[PDB]
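Only one chain is given next, in structure tokens, and it is the form deposited in one PDB entry.
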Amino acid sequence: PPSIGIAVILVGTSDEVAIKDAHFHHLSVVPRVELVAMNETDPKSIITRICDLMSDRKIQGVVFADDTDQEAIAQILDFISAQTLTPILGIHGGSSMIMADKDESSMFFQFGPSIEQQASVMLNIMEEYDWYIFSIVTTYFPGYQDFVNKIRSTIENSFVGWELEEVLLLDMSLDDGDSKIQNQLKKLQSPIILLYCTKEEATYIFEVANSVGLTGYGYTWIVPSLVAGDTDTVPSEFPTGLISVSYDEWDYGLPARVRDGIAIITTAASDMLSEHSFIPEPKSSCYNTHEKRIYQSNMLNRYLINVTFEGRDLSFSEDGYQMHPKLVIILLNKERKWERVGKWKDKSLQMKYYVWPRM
């Protein structure tokens, strides 16, 4: 059986031996994995590294993991994936932080929940504890509309007496020297607040909300994965009592993720070669994608999204996120540690507390 090249790119991470050991393949094709270590996660470092790889070897696919909170990394990877038409899986870190509106030509897929799935978990949580009155705060971070829309459409088709009191839209592309974000937050009355933004955006917003008295008792803030991010790094502005939905290396370890990443790409290419008697030729160069585009496509996507491995459904949506991930609900407790307080699993919620302990 012929070999296809797969790059595994690890930023800031040394479970390197544990990873090579977790990775078996009975198919039409076998992987030749190449572990690559990166130090930097700016646009130039990421683009040139991946493009060097593609030019020095024949890469059918990239499995990418990082140890940062940098959601931009996902944006960069989608761009690289769309331009080179190369499968990239962002399985951990900034690489897995939701990238809403991926490019039409993207072959970029992310471990972790969609925005809509997280919005839906957040409303389930609120239902459990009969928190029915709430408000929303977002920035302009992409996804913010999907978030608000999903909420609005869930609650407007519901016998439950939801009361969405206020939706704030904060512009943090401008400086805050006129205290406009203070002025906007002052308007908030609701006891529950859903916040969609980036981790760095959240730490400023929390800093301001604290100053106007919105983070204490009788306010409970709920946030998605990308705000908690790496749960070993906890900004001091984050208020105790913060609830978040999380897919940050809990029960699904990096070693296992890299294994599943390799399987998804290897299986997809096997399935295609079976049905069509070819796979797409690894791009020789990203420095001439303009010439060679009429010869490329994202055909491999339709296979990439419908893989099962060791008797496990690893499906992605077409929109490029994990289909039904087991999510972990977490709470920032009196010790400023993130604490497991629930699971979302088989589309059911299971919470630890019947009544929230003191913050």
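For clarity, a rigid core is taken as the largest C-alpha set superposing within 1.5 Å between two forms. All residue numbers refer to positions in the sequence shown, first residue = 1.
Not pictured, yet referred to below: the form deposited in another entry.
Superposing the two forms on their core leaves just one of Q296, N333, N306, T68 with a Cα displacement of at least 2 Å between this form and the one not shown, namely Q296. In summary, the C-alpha positions of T84 and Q296 diverge in that other deposited form, ending up at least 3 angstroms farther from each other than in this conformation. In that other deposited form, the Cα-Cα separation between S106 and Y295 shrinks by 3 Å or more relative to the displayed conformation.
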